[PDB]
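Let me begin by presenting the structure, written as structure tokens, before commenting on it.
Scope of the values below: all heavy atoms of this structure, side chains included, with no hydrogens, waters or symmetry mates. In listed order, ligands and their atoms are each counted from 1. First the proteins, then the strands, lettered A, B, ... as listed; each starts at 1.
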Amino acid sequence: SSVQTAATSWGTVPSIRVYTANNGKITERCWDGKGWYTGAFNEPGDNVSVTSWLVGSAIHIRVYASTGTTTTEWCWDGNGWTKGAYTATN
Amino acid sequence: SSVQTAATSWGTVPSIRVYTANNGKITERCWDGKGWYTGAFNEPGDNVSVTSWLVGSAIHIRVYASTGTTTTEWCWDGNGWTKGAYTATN
Amino acid sequence: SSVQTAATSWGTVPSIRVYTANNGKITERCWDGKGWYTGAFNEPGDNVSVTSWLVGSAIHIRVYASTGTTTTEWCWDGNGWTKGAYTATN
Ligand SMILES: OC[C@@]1(O)OC[C@@H](O)[C@@H](O)[C@@H]1O
Ligand SMILES: OC[C@@]1(O)OC[C@@H](O)[C@@H](O)[C@@H]1O
Ligand SMILES: OC[C@@]1(O)OC[C@@H](O)[C@@H](O)[C@@H]1O
Ligand SMILES: OC[C@@]1(O)OC[C@@H](O)[C@@H](O)[C@@H]1O
Ligand SMILES: OC[C@@]1(O)OC[C@@H](O)[C@@H](O)[C@@H]1O
Ligand SMILES: OC[C@@]1(O)OC[C@@H](O)[C@@H](O)[C@@H]1O
């Protein structure tokens, strides 16, 4: 079994995002103040970390998904997840 | 062996909380500016993540404790840890 | 294989730091707005978490590196990494 999670939040309501790596797949659960719901993030990986920041009221999220020794960065900037420029030499 | 940790902080002093999952138990160490001490958080799990936010000067902490594929959310809102509404279908 | 990561960010640009535990070594990749580059952090461990805070414009980072059941705190306060006072009894 053994899932692994990562979490981030922003604002005062707040918004919360919880990422779960489970059996090689990372998924996302969301709270915007009233009920948990499933987010759009779906990417492969066995390990996840996350950070986020606001620019004014606009949220930006970066999820670091790793499989084996390879880490891929995924970016939310308000209109869909895209692959980020992150590289590492592991 | 193999412990796994998660950390959060708030303010400028700052306050720091470090959660350690060890042998199926999650515990908490605290810094409020002058010496580390043991916190009230004690919950079962093999994996931990955490996030926190301020509303004014009031801290709110959410700890995501997982055992197997089951994640439980624990909430600090200034007066004791309580189970949160988080659910996931892992 | 299996790397494990932790991430923190600050500001609005933003600055991002991603820590990777790989084969007992923790290293750091950095973003300050224009290109990823390798950071100064190099410490042993199989597990990593991180938190950070600003005092004005001055960033402070705490990395919690664990090997076996032993966690060491590493501190960035603008002029080099130093060992922190964190202790735990795992
Ligand atoms: O409101 C939910 C949502 O749009 O929030 C921002 C990101 O977390 C997305 O993955 C997610 O679907
Ligand atoms: O806009 C996307 C991007 O530039 O955001 C900042 C960093 O996360 C980069 O790796 C990433 O490609
Ligand atoms: O001052 C310590 C404490 O009250 O801080 C808030 C939470 O981290 C609690 O678990 C913890 O006992
Ligand atoms: O006050 C508790 C609560 O509503 O806080 C926001 C989220 O963490 C919820 O899952 C949780 O039940
Ligand atoms: O600009 C990079 C750097 O100085 O940023 C602060 C810390 O992350 C250091 O380890 C790192 O080398
Ligand atoms: O200046 C270093 C220090 O005092 O910063 C706050 C905490 O991280 C302590 O463990 C650490 O020794």
key: Test item: side-chain donor near acceptor, B/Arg29 and C/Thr87, under 3.5 Å   = yes
inquiry  = Donor-acceptor pair, distance only, cut-off 3.5 Å: does the side chain of A/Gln4 make one with the backbone of A/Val48?
reply    = yes
ask   = What residues form a side-chain contact (heavy atoms from CB on, under 4.5 Å) with C/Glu43, not counting sequence neighbours?
value = C/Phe41, C/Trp74
Nitrogen or oxygen contacts under 3.5 Å, ligand 6 side and protein side:
unit_1   : atom_1 : unit_2  : atom_2 : d
ligand 6 : 5 (O)  : C/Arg62 : NE     : 3.4
ligand 6 : 5 (O)  : C/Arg62 : NH2    : 2.8
ligand 6 : 8 (O)  : C/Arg62 : NE     : 2.8
ligand 6 : 8 (O)  : C/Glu73 : OE2    : 2.7
ligand 6 : 10 (O) : B/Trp36 : NE1    : 2.8
ligand 6 : 10 (O) : C/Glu73 : OE1    : 2.6
ligand 6 : 10 (O) : C/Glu73 : OE2    : 3.4
ligand 6 : 10 (O) : C/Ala85 : N      : 3.3
ligand 6 : 12 (O) : C/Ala85 : N      : 3.0

Pairs under 3.5 angstrom only: tabulate donor-acceptor contacts from the side chains of residues 75-83 of chain C to other protein residues two or more places apart or in another chain.
unit_1  : atom_1 : unit_2  : atom_2 : d
C/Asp77 : OD1    : C/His60 : ND1    : 2.6
C/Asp77 : OD1    : C/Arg62 : NH1    : 3.0
C/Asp77 : OD1    : C/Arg62 : NH2    : 3.0

note = The side chain to side chain donor-acceptor pair (under 3.5 Å) partners of A/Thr67 (sequence neighbours excluded) come to none
request  = Check whether any side-chain heavy atom of C/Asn90 sits under 4.5 Å from a side-chain heavy atom of C/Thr70, and report yes or no.
outcome  = no
